[PDB]
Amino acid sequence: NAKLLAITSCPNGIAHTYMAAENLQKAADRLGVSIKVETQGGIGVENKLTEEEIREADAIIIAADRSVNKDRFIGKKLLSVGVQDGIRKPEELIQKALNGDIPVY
């Protein structure tokens, strides 16, 4: 029943940003977890999270190789890692996010 949200961002091009997003989405599907992924690429923000989705989310994952503004996530449990972790170990990020051992931002 869990709901996650994520942001992915890499300052170089777009492929890494998207690959992290795709791989988090597939990991979520595999794990039977709901997820929405907002991307923050050079081109702008796409698939933007809403205020309501953020209120309901169990946790937030940020897989980014640049600083991402986290002000929307005050009071939310947040996991912050590199874009490579989003691409390479998305299941482990989703598991860690839902195991709950993550600080409240």
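Residues carry their position along the shown sequence, with the first being 1.
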ask   = Once you work out the mean C-alpha B-factor for both 19-27 and 91-99 from the entry, which is higher?
value = 91-99
key: Segment of higher mean CA temperature factor, 42-50 or 56-64   = 42-50
inquiry  = Taking only the Cα B-factors deposited for this chain, tell me whether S9 sits in the lowest, middle or highest third.
reply    = lowest
message = Per the entry's values, where does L79 land by CA temperature factor relative to the rest of its chain, in the lowest, middle or highest third?
response = highest
